[PDB]
Each structure stands twice: as C-alpha cells, then as structure tokens.
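In the form deposited in one PDB entry, a lone chain appears below as structure tokens.
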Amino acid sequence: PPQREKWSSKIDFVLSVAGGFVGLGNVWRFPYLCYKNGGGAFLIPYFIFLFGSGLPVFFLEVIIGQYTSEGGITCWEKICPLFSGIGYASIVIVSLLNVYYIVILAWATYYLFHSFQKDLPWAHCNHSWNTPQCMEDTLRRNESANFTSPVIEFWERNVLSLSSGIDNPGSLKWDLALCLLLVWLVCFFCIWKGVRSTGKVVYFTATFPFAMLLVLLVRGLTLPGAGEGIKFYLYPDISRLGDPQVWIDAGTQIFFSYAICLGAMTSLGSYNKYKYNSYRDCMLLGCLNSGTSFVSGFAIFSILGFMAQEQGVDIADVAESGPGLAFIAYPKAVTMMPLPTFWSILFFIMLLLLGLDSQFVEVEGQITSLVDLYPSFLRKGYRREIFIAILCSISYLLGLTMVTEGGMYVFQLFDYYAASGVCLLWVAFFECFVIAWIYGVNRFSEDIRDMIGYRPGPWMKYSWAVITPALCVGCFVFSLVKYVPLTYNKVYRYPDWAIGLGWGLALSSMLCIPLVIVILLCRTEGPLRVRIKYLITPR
C-alpha cells in the first residue's frame, strides 16, 4: 500500500477542476434546460441554487476531500461513517453520468466526422435522410406550418435516426456505436495516465474551448433577431415558477454542472495539500463555471432568436426542447460563419475537449473512490489496468442502449433521472445535513480553519445548515405534490414502464444512503442508541 499522492503543484488542482466541471453541462445542457423552461424563468432558481447551494456544496465536497484525504466513499469515514452511503450514492450517480455524458461525446464525434465535407450535411436538406417537408431555412419565409429545418432533420434523422419512442429502440446505429467506442478508447487511454499529465494541457484545455465559446458568442450576438432570443433568455415568466419543473431543472443543473453529488470533487480535493486555501480557488472556479454557463447561454439563445426570426416561428418552438438543442442551434450558427467547415471542426473539437476533460475527471473520480474503497486490491499496477478497462467496457456496453435508433428516449430518461434528478437533491441535502447537524457547522468550520486558515463565513454556515437543506427538501417535496411526468421535446409522453425505469435509476442513486444505514445498523453490535452513537462517531 503506497502512500497517497498529492497534486505536487497548486495549479494541478485548478486545471483538474476547470477541466472538471466546465464541460457539456455549461454549453449543452444549461441551454436546453433553460429553453425547455421558458428561458427567463429558469435563471431565478438557477442563481438561487447557485448562491445558496452550488458554491456551498462545491466547497463542501472539495474541503471534505482536503480534510479527509480520501475520495468519494471513504471520505465519510471521518465525517460520520453512518452516512457512508452518500459516497456509494455518489458513485452510482457518477457511473450513470459517465454513461450518458459519453453518449453526448459520441454525438459530438459523429458530427465531427460529418464536419469534414465542403458542404455541411445540416446546412441544406437535399439528402437521403430528409423528409419532403423541408427546404432551406432562408426560404422558410417565402413559401406557404408543418415544415422542418435541415439542421433538425439532420439531428433527428442522420445522427439520432429518431424512432417512434422508447418502446421501439430500433437497430443499433453502427456509426454512433463506433463513435462511442472511439471516444471510450480516448477516455481509457487517458485514464491510462499516458495523456493529460502534460504541460500542454493549459493551452489545450483552458485556452481553446473558451476561445471557441467567445467566437460562438460573437457570432450569435451579431445575428439578426438575437435580441429576441436574449429577451427570451433573460426576461422571466413568473407563472412558470409555480411549476416544479423549473425549480428541479435549475437546481439539478447547478448540482450537475458543479459535478457535486459525484465524489469527483471530493476526489480532486483529496489530492490537495492539507494547509492549502481551497476556498478562494473554489470561488474563482465556480465563477468560471457559472459565467461559462451564462455566457454560452447568451450565445446559444441569441442563435435561437435568430433562428426564430429566420424561420418565422416562435422562439420556444424553433428547435428541440430537449437534449439536442446544442446540436441544432450551434451547428446552425456555424453554418452562418465564413468557411463553416473549419468552424464546424473547431466547434466539435471544442465540445470534445470540454466533454472529454470533464469525462476524464469524473471517470478518474469514480476510479479514485473505488480504489480508496479497496487499497491493495486495486494497486497502481496491473489491476488498475483491468479494472479501468472493465469500468470503461460496461459503461460503453450500457451506453449502447442509449445510442440506438430510439436512444434519445433512453438518453433523456438517463439525463432527467439517473444522475440529475431528485437523486442530486437527495445526495446534496444529505451531505449538508450530515455536515451541519451530525458533524456540526462549528466542528467542520474548526476543521476548515485548521487547514484553510480562517473561519468560513455565515454564507457557508447557513447554506450547509439551512439554505441547501431547505432548497433540496422544498424542491423534492414540491416536485411530488405537483408531479408532472418526463416528456421528451414536449410531444413524446413516456410510457409508465419507462418512467418507472427512470425512477429506478434515480432510486439506485438515491437508495444507497438508507440501505447503507440499514447495513451498518445491522452489522454493529449493541442497542440502537449505541449503534447510532458509534456509527456517527468519526474514525
């Protein structure tokens, strides 16, 4: 059992966190979650959960990793081991997350190999996959609305090849399956420690995606009709806030895009030095993450407003109200750039870079927690080459279910339920509750002061005590007292077995906490008042 390594430099933490949760949850998912919830109304619970629960739980898992130099699961051995099932819940969340996140990267890669033509296949619709109800978007205001855009038909009929529902999975798309396998080879050969441990990361991870996001923002803001998209993006419809879809979507988009019910930020904090001020670095990285989401949302919603101006249809109905929105709006914007082939290549390499670095961080966090769970069973040698390949192989094979002919329906089920549903509220509420009330805000603030150097302020104290538990419990209860079923793109109603499977994914994430509580109360000898007292005592 070798001693646990640290980062060996201060900037290795920041690059592994900037590459950690600045990814597709900012540039791909905050877009359609904002779009699906009316745009303006999404930002109010977004910033409420950001400034009451996002940066709080972000600093919370980072400093839990820094305090207890352990990743994900075994970090709770000194943070009330009775709730050690928060770590197992986090690993279930991050496993299902790795599956569907890498499916997004497979779609981006399929677009990338379809970007090298002189004419982009979504730029026009005289192809084999296009319905006869299509023409160019520039011609949609001159013909007499049951007419469909070339980018939308490309997305649903050559990339997705979208089927009638989750009841009809269709055939496995061999193109997308090979794309998914190539991206998993890229991931496996980067968790193989040969790549990403270089000095050229900073000019290829923190430099080029933000430059490409700046170029996309410049292109989207100068489009005609971008002001209507910005008004859709910013101006809140208050009546939507009385519905729990917007609160759940915004709160779990905070908890998703901060990667913060996953054990991965706990894992990244576990390589921090003890006496190392993680707090200011966490604030800078959280500002980077939320600013990336906000700026890329400005970009993509300006593009959506341009599309609504050009096609003559309303903003909320111009593209997909579901997981494909970054694959309609951003390719459509790229077709409006000079030399759109080169910008298609750069944009899908940008998505690949963001999503790949994020995937390396979450996959490495899952692996870090699972080798902290079993040291000397998974050493730094040959067993962490076979376990790595096994984790990648089952995540790829279970990702084949979501990349078939009807794989968007399974993907939207995974996205809404498996790693960003009430499971994120569950794990975040229980993290804040265990800290604040079984471990103590005062005792944990003393722990923080021993290494950070100062007392965390009343914001962190009252967020871990009151604000994050109240927000998570309120959205959890309010999503059930006013329950609406998951729908894909406002028109597909899911069958009850599919909603049950999504709830099963959520509960497989959720129920790791009470089942570990039951197992630990059953494996410890004594009465209940002695068992609970022993299992809440840190080790």
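Definition used throughout: the rigid core is the maximal C-alpha set that superposes within 1.5 Å between two forms. When you see a residue number, it is the position in the sequence shown, counting from 1.
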Exercise for the section: Check the entry and tell me how many residues of the deposited sequence have no coordinates between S144 and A145: none, 1 to 3, 4 to 9, or 10 or more. Expected result: 4 to 9
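This protein has a second form, the form deposited in another entry, left out of what is shown; the following refers to that one.
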Completion exercise
With the core superposed between this form and the one not shown, a CA shift of at least 2 Å among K461, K78, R384, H124 belongs only to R384
Exercise for the section: Align on the rigid core first; then say whether the Cα of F113 has moved by at least 2 Å between this form and the one not shown. Expected result: no
Handout entry: Displaced residue check between this form and the one not shown: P224, CA, 2 Å or over, core reference
Key = no
Handout entry: Core superposition between this form and the one not shown, C-alpha change of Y374 at least 2 Å
Key = yes
